[PDB]
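This is work-v6.pdb. It holds PDB, C-alpha atoms and all ligand atoms.
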ATOM      1  CA  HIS A   4      85.597 157.401  22.210
ATOM      2  CA  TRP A   5      82.197 158.781  22.682
ATOM      3  CA  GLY A   6      79.363 159.122  20.324
ATOM      4  CA  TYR A   7      75.687 158.377  19.780
ATOM      5  CA  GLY A   8      75.876 154.736  18.666
ATOM      6  CA  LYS A   9      74.824 151.558  20.400
ATOM      7  CA  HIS A  10      78.282 150.991  21.799
ATOM      8  CA  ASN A  11      79.483 154.519  22.594
ATOM      9  CA  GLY A  12      76.260 156.443  23.212
ATOM     10  CA  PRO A  13      74.783 158.282  26.186
ATOM     11  CA  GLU A  14      74.367 155.191  28.352
ATOM     12  CA  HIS A  15      78.144 154.610  28.170
ATOM     13  CA  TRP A  16      79.369 158.158  28.827
ATOM     14  CA  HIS A  17      79.465 157.801  32.623
ATOM     15  CA  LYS A  18      82.407 155.376  32.414
ATOM     16  CA  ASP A  19      84.787 158.073  31.102
ATOM     17  CA  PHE A  20      82.804 161.037  32.503
ATOM     18  CA  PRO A  21      81.319 160.072  35.883
ATOM     19  CA  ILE A  22      79.683 163.508  36.190
ATOM     20  CA  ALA A  23      77.162 162.075  33.682
ATOM     21  CA  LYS A  24      75.350 160.849  36.803
ATOM     22  CA  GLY A  25      75.734 164.206  38.582
ATOM     23  CA  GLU A  26      73.293 166.492  40.314
ATOM     24  CA  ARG A  27      72.755 169.083  37.541
ATOM     25  CA  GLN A  28      72.877 167.188  34.233
ATOM     26  CA  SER A  29      71.244 168.311  30.985
ATOM     27  CA  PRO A  30      69.014 168.091  29.077
ATOM     28  CA  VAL A  31      65.841 167.643  31.132
ATOM     29  CA  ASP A  32      62.148 167.327  30.518
ATOM     30  CA  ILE A  33      60.407 170.664  31.013
ATOM     31  CA  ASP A  34      57.155 169.902  32.819
ATOM     32  CA  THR A  35      55.178 173.014  31.988
ATOM     33  CA  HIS A  36      52.757 172.402  34.818
ATOM     34  CA  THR A  37      55.525 172.216  37.451
ATOM     35  CA  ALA A  38      57.675 175.086  36.170
ATOM     36  CA  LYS A  39      56.860 178.212  38.145
ATOM     37  CA  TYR A  40      56.573 181.751  36.860
ATOM     38  CA  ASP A  41      59.265 183.887  38.475
ATOM     39  CA  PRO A  42      58.269 187.570  38.223
ATOM     40  CA  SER A  43      61.775 188.635  39.277
ATOM     41  CA  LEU A  44      63.175 187.260  36.017
ATOM     42  CA  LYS A  45      64.023 189.958  33.576
ATOM     43  CA  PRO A  46      63.510 190.007  29.783
ATOM     44  CA  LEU A  47      66.361 188.422  27.926
ATOM     45  CA  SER A  48      68.621 190.865  26.133
ATOM     46  CA  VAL A  49      69.939 189.357  22.894
ATOM     47  CA  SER A  50      72.426 191.798  21.347
ATOM     48  CA  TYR A  51      73.638 190.213  18.125
ATOM     49  CA  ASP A  52      73.932 193.230  15.865
ATOM     50  CA  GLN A  53      77.707 193.240  15.762
ATOM     51  CA  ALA A  54      78.092 189.461  15.569
ATOM     52  CA  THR A  55      81.106 188.230  13.550
ATOM     53  CA  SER A  56      80.776 184.654  12.375
ATOM     54  CA  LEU A  57      84.005 183.135  11.119
ATOM     55  CA  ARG A  58      83.807 179.470  10.217
ATOM     56  CA  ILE A  59      81.640 176.356  10.214
ATOM     57  CA  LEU A  60      83.154 173.078  11.413
ATOM     58  CA  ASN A  61      82.037 169.428  11.399
ATOM     59  CA  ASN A  62      83.517 168.092  14.629
ATOM     60  CA  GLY A  63      82.235 164.539  14.247
ATOM     61  CA  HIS A  64      79.340 165.123  16.695
ATOM     62  CA  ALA A  65      77.533 168.092  15.148
ATOM     63  CA  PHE A  66      78.508 171.201  13.206
ATOM     64  CA  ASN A  67      79.469 174.446  14.815
ATOM     65  CA  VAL A  68      79.200 177.978  13.461
ATOM     66  CA  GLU A  69      81.943 179.847  15.298
ATOM     67  CA  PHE A  70      82.132 183.506  16.150
ATOM     68  CA  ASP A  71      84.753 186.065  17.140
ATOM     69  CA  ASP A  72      84.438 186.239  20.896
ATOM     70  CA  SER A  73      87.503 188.418  21.566
ATOM     71  CA  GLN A  74      85.234 191.479  22.008
ATOM     72  CA  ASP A  75      81.676 192.111  23.160
ATOM     73  CA  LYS A  76      80.138 191.761  19.677
ATOM     74  CA  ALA A  77      77.252 189.313  20.161
ATOM     75  CA  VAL A  78      76.177 189.082  23.791
ATOM     76  CA  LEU A  79      73.394 187.693  25.922
ATOM     77  CA  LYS A  80      72.406 189.499  29.107
ATOM     78  CA  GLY A  81      69.372 189.817  31.319
ATOM     79  CA  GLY A  82      66.960 187.059  32.146
ATOM     80  CA  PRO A  83      68.453 184.949  34.932
ATOM     81  CA  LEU A  84      71.988 186.066  34.111
ATOM     82  CA  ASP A  85      74.303 188.358  36.033
ATOM     83  CA  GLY A  86      76.851 189.884  33.774
ATOM     84  CA  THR A  87      77.610 189.575  30.087
ATOM     85  CA  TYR A  88      77.866 186.411  28.127
ATOM     86  CA  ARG A  89      79.583 186.301  24.750
ATOM     87  CA  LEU A  90      78.438 184.157  21.868
ATOM     88  CA  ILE A  91      81.184 181.719  20.872
ATOM     89  CA  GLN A  92      79.350 179.224  18.665
ATOM     90  CA  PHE A  93      76.005 177.711  17.738
ATOM     91  CA  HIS A  94      75.137 174.155  16.743
ATOM     92  CA  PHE A  95      72.197 171.821  16.541
ATOM     93  CA  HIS A  96      71.074 168.371  17.663
ATOM     94  CA  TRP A  97      68.652 166.525  15.383
ATOM     95  CA  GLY A  98      66.934 163.241  14.693
ATOM     96  CA  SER A  99      66.697 160.611  12.003
ATOM     97  CA  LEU A 100      62.905 161.194  11.984
ATOM     98  CA  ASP A 101      60.834 164.350  12.466
ATOM     99  CA  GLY A 102      59.452 163.094  15.801
ATOM    100  CA  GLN A 103      62.791 163.074  17.629
ATOM    101  CA  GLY A 104      65.987 165.095  17.733
ATOM    102  CA  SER A 105      65.663 167.635  20.505
ATOM    103  CA  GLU A 106      67.553 167.278  23.775
ATOM    104  CA  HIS A 107      65.150 169.108  26.011
ATOM    105  CA  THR A 108      61.552 167.941  25.883
ATOM    106  CA  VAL A 109      58.387 169.815  26.810
ATOM    107  CA  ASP A 110      55.846 167.703  28.690
ATOM    108  CA  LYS A 111      57.729 164.729  27.170
ATOM    109  CA  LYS A 112      57.306 166.112  23.627
ATOM    110  CA  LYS A 113      60.398 165.741  21.437
ATOM    111  CA  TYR A 114      61.003 168.266  18.661
ATOM    112  CA  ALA A 115      62.719 167.514  15.341
ATOM    113  CA  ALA A 116      65.863 169.363  16.420
ATOM    114  CA  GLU A 117      67.245 171.844  18.910
ATOM    115  CA  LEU A 118      69.531 174.861  18.353
ATOM    116  CA  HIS A 119      72.118 175.752  21.012
ATOM    117  CA  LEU A 120      73.602 179.261  21.008
ATOM    118  CA  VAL A 121      76.546 178.927  23.383
ATOM    119  CA  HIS A 122      77.792 181.935  25.364
ATOM    120  CA  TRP A 123      80.436 182.367  28.079
ATOM    121  CA  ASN A 124      80.571 184.691  31.068
ATOM    122  CA  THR A 125      83.117 187.435  30.355
ATOM    123  CA  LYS A 127      84.164 187.671  34.022
ATOM    124  CA  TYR A 128      86.125 184.440  33.456
ATOM    125  CA  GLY A 129      88.225 185.793  30.612
ATOM    126  CA  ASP A 130      88.034 182.884  28.157
ATOM    127  CA  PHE A 131      85.796 179.955  27.312
ATOM    128  CA  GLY A 132      88.168 177.347  28.738
ATOM    129  CA  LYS A 133      88.078 179.011  32.150
ATOM    130  CA  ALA A 134      84.338 179.586  31.964
ATOM    131  CA  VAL A 135      83.543 175.877  31.562
ATOM    132  CA  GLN A 136      85.144 175.259  34.969
ATOM    133  CA  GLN A 137      82.674 177.546  36.722
ATOM    134  CA  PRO A 138      79.080 176.833  37.822
ATOM    135  CA  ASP A 139      77.936 180.076  36.146
ATOM    136  CA  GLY A 140      80.411 179.946  33.271
ATOM    137  CA  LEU A 141      78.081 179.406  30.322
ATOM    138  CA  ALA A 142      74.632 180.424  29.183
ATOM    139  CA  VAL A 143      73.173 178.270  26.417
ATOM    140  CA  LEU A 144      70.113 179.592  24.613
ATOM    141  CA  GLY A 145      68.120 176.606  23.366
ATOM    142  CA  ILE A 146      65.559 176.885  20.589
ATOM    143  CA  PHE A 147      63.337 174.041  19.404
ATOM    144  CA  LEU A 148      62.893 173.256  15.701
ATOM    145  CA  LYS A 149      59.689 171.790  14.294
ATOM    146  CA  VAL A 150      59.187 170.748  10.674
ATOM    147  CA  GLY A 151      56.803 173.004   8.752
ATOM    148  CA  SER A 152      57.579 176.108   6.719
ATOM    149  CA  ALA A 153      61.189 176.864   5.826
ATOM    150  CA  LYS A 154      63.271 179.162   8.037
ATOM    151  CA  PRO A 155      64.844 181.624   5.575
ATOM    152  CA  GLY A 156      67.506 182.570   8.202
ATOM    153  CA  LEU A 157      68.775 178.983   8.194
ATOM    154  CA  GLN A 158      69.259 178.416   4.480
ATOM    155  CA  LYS A 159      72.828 179.704   4.233
ATOM    156  CA  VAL A 160      73.772 177.220   6.945
ATOM    157  CA  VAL A 161      72.023 174.442   4.994
ATOM    158  CA  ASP A 162      73.762 175.320   1.748
ATOM    159  CA  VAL A 163      77.315 175.145   3.124
ATOM    160  CA  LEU A 164      76.871 171.678   4.663
ATOM    161  CA  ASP A 165      78.035 169.957   1.459
ATOM    162  CA  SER A 166      81.436 171.528   2.054
ATOM    163  CA  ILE A 167      81.772 170.043   5.563
ATOM    164  CA  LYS A 168      80.277 166.601   5.044
ATOM    165  CA  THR A 169      82.813 164.724   7.182
ATOM    166  CA  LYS A 170      84.530 165.041  10.552
ATOM    167  CA  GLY A 171      87.319 167.614  10.647
ATOM    168  CA  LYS A 172      86.181 169.639   7.640
ATOM    169  CA  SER A 173      85.736 173.382   8.069
ATOM    170  CA  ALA A 174      84.704 176.180   5.746
ATOM    171  CA  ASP A 175      84.793 179.952   5.874
ATOM    172  CA  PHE A 176      81.432 181.212   7.091
ATOM    173  CA  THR A 177      81.526 184.996   7.558
ATOM    174  CA  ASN A 178      78.737 187.560   7.806
ATOM    175  CA  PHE A 179      76.091 185.151   9.061
ATOM    176  CA  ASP A 180      73.381 186.787  11.150
ATOM    177  CA  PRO A 181      72.207 184.545  14.020
ATOM    178  CA  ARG A 182      69.192 186.815  14.581
ATOM    179  CA  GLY A 183      67.589 185.029  11.629
ATOM    180  CA  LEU A 184      67.386 181.845  13.735
ATOM    181  CA  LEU A 185      65.255 183.337  16.567
ATOM    182  CA  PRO A 186      61.487 182.931  16.986
ATOM    183  CA  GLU A 187      59.275 185.966  17.554
ATOM    184  CA  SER A 188      58.926 185.578  21.322
ATOM    185  CA  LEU A 189      61.757 185.487  23.856
ATOM    186  CA  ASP A 190      59.596 183.865  26.565
ATOM    187  CA  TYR A 191      61.725 181.185  28.200
ATOM    188  CA  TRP A 192      62.276 178.538  30.842
ATOM    189  CA  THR A 193      65.500 178.498  32.812
ATOM    190  CA  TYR A 194      67.395 176.057  35.038
ATOM    191  CA  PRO A 195      70.921 175.209  36.085
ATOM    192  CA  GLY A 196      72.535 172.405  34.099
ATOM    193  CA  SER A 197      75.416 171.031  32.166
ATOM    194  CA  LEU A 198      76.948 170.541  28.774
ATOM    195  CA  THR A 199      74.910 167.853  27.040
ATOM    196  CA  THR A 200      77.974 166.127  25.591
ATOM    197  CA  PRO A 201      81.219 164.990  27.210
ATOM    198  CA  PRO A 202      82.820 166.374  29.248
ATOM    199  CA  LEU A 203      79.291 167.057  30.644
ATOM    200  CA  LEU A 204      80.587 169.875  32.843
ATOM    201  CA  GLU A 205      78.043 171.417  35.208
ATOM    202  CA  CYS A 206      78.670 174.964  34.078
ATOM    203  CA  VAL A 207      75.531 176.029  32.154
ATOM    204  CA  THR A 208      72.626 178.333  32.876
ATOM    205  CA  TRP A 209      70.081 176.916  30.423
ATOM    206  CA  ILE A 210      67.622 179.334  28.833
ATOM    207  CA  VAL A 211      65.149 177.416  26.649
ATOM    208  CA  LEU A 212      62.728 179.410  24.512
ATOM    209  CA  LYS A 213      59.048 178.466  24.634
ATOM    210  CA  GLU A 214      58.364 179.238  20.958
ATOM    211  CA  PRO A 215      59.887 176.818  18.422
ATOM    212  CA  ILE A 216      61.084 177.920  15.017
ATOM    213  CA  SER A 217      59.818 176.065  11.975
ATOM    214  CA  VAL A 218      62.205 174.664   9.352
ATOM    215  CA  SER A 219      61.285 172.805   6.201
ATOM    216  CA  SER A 220      61.544 169.083   5.631
ATOM    217  CA  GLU A 221      64.200 169.824   3.001
ATOM    218  CA  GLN A 222      66.253 171.839   5.501
ATOM    219  CA  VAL A 223      66.315 169.082   8.120
ATOM    220  CA  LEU A 224      66.954 166.424   5.451
ATOM    221  CA  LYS A 225      70.152 168.258   4.615
ATOM    222  CA  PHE A 226      71.292 168.044   8.244
ATOM    223  CA  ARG A 227      70.806 164.271   7.983
ATOM    224  CA  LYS A 228      73.204 163.995   5.034
ATOM    225  CA  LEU A 229      76.167 164.954   7.195
ATOM    226  CA  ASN A 230      78.562 162.293   8.383
ATOM    227  CA  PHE A 231      79.899 161.493  11.846
ATOM    228  CA  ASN A 232      83.011 159.900  10.291
ATOM    229  CA  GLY A 233      86.028 161.369   8.619
ATOM    230  CA  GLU A 234      86.588 161.232   4.876
ATOM    231  CA  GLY A 235      87.755 157.780   3.839
ATOM    232  CA  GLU A 236      86.309 156.093   6.952
ATOM    233  CA  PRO A 237      83.067 154.053   6.860
ATOM    234  CA  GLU A 238      80.094 156.345   6.244
ATOM    235  CA  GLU A 239      77.757 156.842   9.194
ATOM    236  CA  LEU A 240      75.058 159.456   8.863
ATOM    237  CA  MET A 241      75.100 162.221  11.446
ATOM    238  CA  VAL A 242      71.608 161.723  12.875
ATOM    239  CA  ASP A 243      70.208 161.244  16.390
ATOM    240  CA  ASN A 244      73.064 163.256  17.947
ATOM    241  CA  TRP A 245      70.951 164.092  21.011
ATOM    242  CA  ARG A 246      71.255 163.078  24.658
ATOM    243  CA  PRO A 247      67.921 162.072  26.274
ATOM    244  CA  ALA A 248      66.421 163.834  29.266
ATOM    245  CA  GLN A 249      68.264 163.345  32.574
ATOM    246  CA  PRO A 250      66.816 163.366  36.106
ATOM    247  CA  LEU A 251      65.884 166.815  37.370
ATOM    248  CA  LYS A 252      66.992 165.948  40.930
ATOM    249  CA  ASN A 253      67.084 168.967  43.286
ATOM    250  CA  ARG A 254      66.294 171.600  40.662
ATOM    251  CA  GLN A 255      63.410 173.903  39.840
ATOM    252  CA  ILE A 256      62.659 175.124  36.350
ATOM    253  CA  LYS A 257      61.531 178.762  36.298
ATOM    254  CA  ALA A 258      59.387 180.407  33.607
ATOM    255  CA  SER A 259      59.652 184.003  32.471
ATOM    256  CA  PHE A 260      55.990 184.013  31.517
ATOM    257  CA  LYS A 261      52.574 183.094  32.808
TER     258      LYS A 261
HETATM  259  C1  LIG B   1      88.751 176.967  19.802
HETATM  260  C2  LIG B   1      87.403 177.595  19.540
HETATM  261  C3  LIG B   1      87.168 178.920  19.159
HETATM  262  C4  LIG B   1      85.843 179.321  18.974
HETATM  263  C5  LIG B   1      85.370 180.711  18.576
HETATM  264  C6  LIG B   1      84.816 178.442  19.159
HETATM  265  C7  LIG B   1      85.082 177.145  19.518
HETATM  266  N1  LIG B   1      83.988 176.252  19.717
HETATM  267  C8  LIG B   1      83.840 175.794  21.073
HETATM  268  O1  LIG B   1      84.607 176.160  21.920
HETATM  269  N2  LIG B   1      82.715 174.919  21.212
HETATM  270  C9  LIG B   1      82.211 174.308  22.380
HETATM  271  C10 LIG B   1      82.232 172.806  21.993
HETATM  272  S1  LIG B   1      82.900 172.134  23.597
HETATM  273  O2  LIG B   1      83.053 172.883  24.807
HETATM  274  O3  LIG B   1      84.237 171.508  23.478
HETATM  275  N3  LIG B   1      81.666 171.206  24.329
HETATM  276  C11 LIG B   1      80.313 171.726  24.420
HETATM  277  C12 LIG B   1      79.526 170.684  24.705
HETATM  278  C13 LIG B   1      78.185 170.837  24.669
HETATM  279  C14 LIG B   1      77.631 172.066  24.512
HETATM  280  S2  LIG B   1      75.857 172.028  24.640
HETATM  281  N4  LIG B   1      75.267 170.775  23.682
HETATM  282  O4  LIG B   1      75.562 171.739  26.021
HETATM  283  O5  LIG B   1      75.379 173.323  24.187
HETATM  284  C15 LIG B   1      78.420 173.191  24.267
HETATM  285  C16 LIG B   1      79.814 173.017  24.179
HETATM  286  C17 LIG B   1      86.359 176.726  19.724
HETATM  287 ZN    ZN B   2      74.256 171.337  22.171
END

Structure encoded using structure tokens:
Amino acid sequence: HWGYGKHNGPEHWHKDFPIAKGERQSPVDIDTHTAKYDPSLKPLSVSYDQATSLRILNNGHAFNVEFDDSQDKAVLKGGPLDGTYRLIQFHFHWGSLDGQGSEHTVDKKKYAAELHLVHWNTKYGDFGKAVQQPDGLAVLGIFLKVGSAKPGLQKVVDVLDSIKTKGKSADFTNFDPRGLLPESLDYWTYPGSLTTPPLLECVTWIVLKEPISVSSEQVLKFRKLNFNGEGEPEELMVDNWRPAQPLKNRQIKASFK
């Protein structure tokens, strides 16, 4: 099945998932000098005060911090969005080297990693229905650069030893995702897709302009995870990013000048 290796990586995905060559695939390069300020865009509303994290899972492709999405507890609204979108999980994509790892790029610049806070439109009732809709998901993407440590990230880092291999999960309650945000909520937005199979074209992407900084030690701990299951040959979970896809008939809008 699919992965990020030479034989099962992004250039192969179209064979099982022909939408990989579709009209609204993600990620994309964000050309800052072609993105246009849209004054009708509204400030994002990130309401994470009542967030309930439950568990962290290594799924063989990344690790996901999962939340209770059976109530409006951690929601994203505003910006380009109509309606309320509930946080279901967050995860990251990262590199083997500090100069690569993000999915989106900015004027072709790759960041060391990229955080995806995944939310689904409550008008569709559940996440499985939402992924079948063109406005089903809103993913908030945040770039990571290597510099000073991000204190908000350390409790994620310190549980990774307990989920080294595919299929391992650990309790992960009371985690505050607000500690992963940068200061500014200025953003770019465009219509796209999931960046992994099944690559469904169901995402309003909201990518923050301001990266967060994490330490070299923090990202090194991401790179000690494994794509394989326990007792299978060890393959480090690194370079789990899809490269930029053609923008096609899309415009990227900026919330700022
Ligand atoms: C059963 C249960 C319960 C709860 C709370 C959470 C979860 N976790 C969950 O549903 N995760 C979504 C993983 S996926 O849909 O299968 N594919 C997906 C692909 C790429 C992106 S990306 N990289 O475009 O952001 C985002 C998602 C599951
Ligand atoms: Zn992602």

query: Contacts of region 96-105 of chain A at 6 Å or less, counting only C-alpha atoms, minus same-chain residues fewer than 2 places along, as a list in words?
result: residues 107, 113, 114, 115, 116, 117, 242, 243, 244 and 245 of chain A

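If you look at CA of residue 220 (chain A) and CA of residue 171 (chain A), they are 26.3 Å away from each other.
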
task: Please write out the residues within 9 Å of ligand LIG 1 (chain B) as a count of residues only, counting all atoms listed in the file.
output: 48

Shell around residue 50 (chain A) at 10 Å using only C-alpha atoms, local window under 2 positions removed, as an mmCIF file with C-alpha atoms, in the coordinates of the input:
data_model
loop_
_atom_site.group_PDB
_atom_site.id
_atom_site.type_symbol
_atom_site.label_atom_id
_atom_site.label_comp_id
_atom_site.auth_asym_id
_atom_site.auth_seq_id
_atom_site.Cartn_x
_atom_site.Cartn_y
_atom_site.Cartn_z
ATOM 1 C CA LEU A 47 66.361 188.422 27.926
ATOM 2 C CA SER A 48 68.621 190.865 26.133
ATOM 3 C CA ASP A 52 73.932 193.230 15.865
ATOM 4 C CA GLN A 53 77.707 193.240 15.762
ATOM 5 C CA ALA A 54 78.092 189.461 15.569
ATOM 6 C CA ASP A 75 81.676 192.111 23.160
ATOM 7 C CA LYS A 76 80.138 191.761 19.677
ATOM 8 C CA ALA A 77 77.252 189.313 20.161
ATOM 9 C CA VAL A 78 76.177 189.082 23.791
ATOM 10 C CA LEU A 79 73.394 187.693 25.922
ATOM 11 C CA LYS A 80 72.406 189.499 29.107
ATOM 12 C CA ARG A 89 79.583 186.301 24.750
ATOM 13 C CA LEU A 90 78.438 184.157 21.868
ATOM 14 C CA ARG A 182 69.192 186.815 14.581
#

- prompt: Any chance you could work out the residue set of the PyMOL selection byres (((chain A and resi 127) around 10) and not hetatm) here, as a ChimeraX atom specification?
  reply: /A:86-88,123-125,128-130,133-134,140

Store the residues picked out above, limited to C-alpha atoms, as a PDB file, keeping the file's coordinate frame.
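The resulting file, out-v2.pdb, is shown below:
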ATOM      1  CA  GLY A  86      76.851 189.884  33.774  1.00  0.00           C
ATOM      2  CA  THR A  87      77.610 189.575  30.087  1.00  0.00           C
ATOM      3  CA  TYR A  88      77.866 186.411  28.127  1.00  0.00           C
ATOM      4  CA  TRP A 123      80.436 182.367  28.079  1.00  0.00           C
ATOM      5  CA  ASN A 124      80.571 184.691  31.068  1.00  0.00           C
ATOM      6  CA  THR A 125      83.117 187.435  30.355  1.00  0.00           C
ATOM      7  CA  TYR A 128      86.125 184.440  33.456  1.00  0.00           C
ATOM      8  CA  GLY A 129      88.225 185.793  30.612  1.00  0.00           C
ATOM      9  CA  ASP A 130      88.034 182.884  28.157  1.00  0.00           C
ATOM     10  CA  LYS A 133      88.078 179.011  32.150  1.00  0.00           C
ATOM     11  CA  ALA A 134      84.338 179.586  31.964  1.00  0.00           C
ATOM     12  CA  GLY A 140      80.411 179.946  33.271  1.00  0.00           C
TER      13      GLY A 140
END

query: Residues picked by the PyMOL selection byres (((chain A and resi 225-229) around 6) and not hetatm) here, as a PyMOL selection string?
result: chain A and resi 168+222-224+230+240-242

Could you save the residues just selected, with C-alpha atoms, as a compact mmCIF listing (two decimals), in the coordinates of the input?
# COMPACT_ATOMS: atom_id res chain seq x y z
CA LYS A 168 80.28 166.60 5.04
CA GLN A 222 66.25 171.84 5.50
CA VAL A 223 66.32 169.08 8.12
CA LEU A 224 66.95 166.42 5.45
CA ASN A 230 78.56 162.29 8.38
CA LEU A 240 75.06 159.46 8.86
CA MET A 241 75.10 162.22 11.45
CA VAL A 242 71.61 161.72 12.88

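What separates CA of residue 12 (chain A) from CA of residue 252 (chain A) is a distance of 22.1 Å.
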
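Across A:211, A:33, A:172, A:9, the tightest approach to ligand ZN 2 (chain B) is made by A:211 when counting all atoms listed in the file.
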
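Between residue 23 (chain A) and the candidates A:158, A:205, A:233, A:213, the tightest atom-to-atom separation, counting all atoms listed in the file, involves A:205.
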
message: Please list as a PyMOL selection string every residue within 9 Å of residue 255 (chain A), counting all atoms listed in the file and excluding residues in the same chain fewer than 6 positions away.
response: chain A and resi 37-39+193-195

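Distance check against ligand ZN 2 (chain B) using all atoms listed in the file: of A:66, A:191, A:5, A:260, the minimum falls on A:66.
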
field: Selection result of the PyMOL selection byres (((chain A and resi 179) around 8) and not hetatm) on this file, as JSON, numbers by chain
entry: {"A": [55, 56, 159, 176, 177, 178, 180, 181]}

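Between residue 175 (chain A) and the residues A:15, A:49, A:147, A:59, the shortest atom-to-atom distance, using only C-alpha atoms, involves A:59.
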
Region 221-242 of chain A rebuilt with N, CA and C atoms, output as an mmCIF file, in the coordinates of the input:
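result.cif, freshly written:
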data_model
loop_
_atom_site.group_PDB
_atom_site.id
_atom_site.type_symbol
_atom_site.label_atom_id
_atom_site.label_comp_id
_atom_site.auth_asym_id
_atom_site.auth_seq_id
_atom_site.Cartn_x
_atom_site.Cartn_y
_atom_site.Cartn_z
ATOM 1 N N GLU A 221 62.979 169.850 3.799
ATOM 2 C CA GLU A 221 64.200 169.824 3.001
ATOM 3 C C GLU A 221 65.397 170.325 3.801
ATOM 4 N N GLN A 222 65.179 171.329 4.656
ATOM 5 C CA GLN A 222 66.253 171.839 5.501
ATOM 6 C C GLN A 222 66.756 170.779 6.472
ATOM 7 N N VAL A 223 65.844 170.078 7.158
ATOM 8 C CA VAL A 223 66.315 169.082 8.120
ATOM 9 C C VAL A 223 66.903 167.871 7.403
ATOM 10 N N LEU A 224 66.370 167.518 6.225
ATOM 11 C CA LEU A 224 66.954 166.424 5.451
ATOM 12 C C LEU A 224 68.405 166.689 5.112
ATOM 13 N N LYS A 225 68.761 167.950 4.886
ATOM 14 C CA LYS A 225 70.152 168.258 4.615
ATOM 15 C C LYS A 225 71.033 168.105 5.848
ATOM 16 N N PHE A 226 70.513 168.385 7.050
ATOM 17 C CA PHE A 226 71.292 168.044 8.244
ATOM 18 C C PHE A 226 71.637 166.562 8.266
ATOM 19 N N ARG A 227 70.686 165.717 7.869
ATOM 20 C CA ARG A 227 70.806 164.271 7.983
ATOM 21 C C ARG A 227 71.729 163.682 6.931
ATOM 22 N N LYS A 228 72.240 164.492 6.006
ATOM 23 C CA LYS A 228 73.204 163.995 5.034
ATOM 24 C C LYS A 228 74.634 164.157 5.508
ATOM 25 N N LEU A 229 74.841 164.820 6.634
ATOM 26 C CA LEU A 229 76.167 164.954 7.195
ATOM 27 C C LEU A 229 76.623 163.584 7.712
ATOM 28 N N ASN A 230 77.915 163.507 7.951
ATOM 29 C CA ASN A 230 78.562 162.293 8.383
ATOM 30 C C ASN A 230 79.272 162.488 9.718
ATOM 31 N N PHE A 231 79.167 161.493 10.588
ATOM 32 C CA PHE A 231 79.899 161.493 11.846
ATOM 33 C C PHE A 231 81.384 161.155 11.595
ATOM 34 N N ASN A 232 81.645 160.346 10.598
ATOM 35 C CA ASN A 232 83.011 159.900 10.291
ATOM 36 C C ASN A 232 83.844 160.880 9.485
ATOM 37 N N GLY A 233 85.142 160.638 9.494
ATOM 38 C CA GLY A 233 86.028 161.369 8.619
ATOM 39 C C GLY A 233 86.007 160.829 7.200
ATOM 40 N N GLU A 234 86.493 161.650 6.267
ATOM 41 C CA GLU A 234 86.588 161.232 4.876
ATOM 42 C C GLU A 234 87.466 159.987 4.781
ATOM 43 N N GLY A 235 87.005 159.010 4.014
ATOM 44 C CA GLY A 235 87.755 157.780 3.839
ATOM 45 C C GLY A 235 87.543 156.735 4.907
ATOM 46 N N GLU A 236 86.749 157.033 5.934
ATOM 47 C CA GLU A 236 86.309 156.093 6.952
ATOM 48 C C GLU A 236 84.890 155.652 6.632
ATOM 49 N N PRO A 237 84.415 154.539 7.201
ATOM 50 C CA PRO A 237 83.067 154.053 6.860
ATOM 51 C C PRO A 237 82.008 155.117 7.131
ATOM 52 N N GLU A 238 81.065 155.255 6.195
ATOM 53 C CA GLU A 238 80.094 156.345 6.244
ATOM 54 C C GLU A 238 79.006 156.044 7.267
ATOM 55 N N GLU A 239 78.827 156.960 8.216
ATOM 56 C CA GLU A 239 77.757 156.842 9.194
ATOM 57 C C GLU A 239 77.062 158.194 9.259
ATOM 58 N N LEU A 240 75.783 158.201 8.935
ATOM 59 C CA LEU A 240 75.058 159.456 8.863
ATOM 60 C C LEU A 240 74.981 160.115 10.225
ATOM 61 N N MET A 241 75.197 161.426 10.226
ATOM 62 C CA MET A 241 75.100 162.221 11.446
ATOM 63 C C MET A 241 73.621 162.495 11.693
ATOM 64 N N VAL A 242 73.002 161.598 12.467
ATOM 65 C CA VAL A 242 71.608 161.723 12.875
ATOM 66 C C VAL A 242 71.518 161.237 14.311
#
